[PDB]
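Participant: here's a sequence, model it:
(2 chains)
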Amino acid sequence: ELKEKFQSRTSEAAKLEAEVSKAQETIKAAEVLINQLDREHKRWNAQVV
Amino acid sequence: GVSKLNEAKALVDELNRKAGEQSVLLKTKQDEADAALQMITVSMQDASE
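Facilitator: Numbering: from 1, shown residues only, chains lettered A, B, ... in the order given. Sharing the structure here:
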């Protein structure tokens, strides 16, 4: 039983572990723009006022 | 520009926490599996014997 339980269970943790890497890649892609946007936002401030 | 500032902050805020959760729940699956394994190790411990 525990054999057939753990087995299916392992196919869960790692298939979930697939999404967290894609998500992490996305977050990494997002961060790049964050550091440029750090100074730019306060630049975007002055324009409109 | 100003609107996309607000979309971006929110987009950045919650996918990260969401992955943080996902890992936290990978601990749940993976370690639940590793518990099922401990259950078997104990059964084996008396089975070979």
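Participant: how much space separates residue A:46 from chain B?
Facilitator: Taking Cβ to the nearest Cβ, to the nearest Å as the criterion, residue A:46 is separated from chain B by 12 Å. All C-beta atoms are positioned from the backbone trio N, CA, C, and that covers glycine.
Participant: ok, now residue A:21?
Facilitator: With the distance defined as Cβ to the nearest Cβ, residue A:21 ends up 9 Å from chain B.
Participant: that residue in helix, strand or coil?
Facilitator: helix (DSSP: H, G, I helix; E, B strand; the rest coil).
Participant: over to the one 4 residues further on?
Facilitator: Classification of residue A:25 into helix, strand or coil gives helix, according to three-state DSSP.
Participant: pull the number of nearby residues for it.
Facilitator: Neighbouring residues of residue A:25 were enumerated by other Cβ atoms under 10 Å in any protein chain shown; the total is 10.
Participant: please apply the same query to residue B:25.
Facilitator: Neighbour count for residue B:25, taken as other Cβ under 10 Å: 14.
Participant: do I have it right that it meets residue A:16?
Facilitator: Yes: between residue B:25 and residue A:16 there is a contact under Cβ atoms under 8 Å: 7.0 Å.
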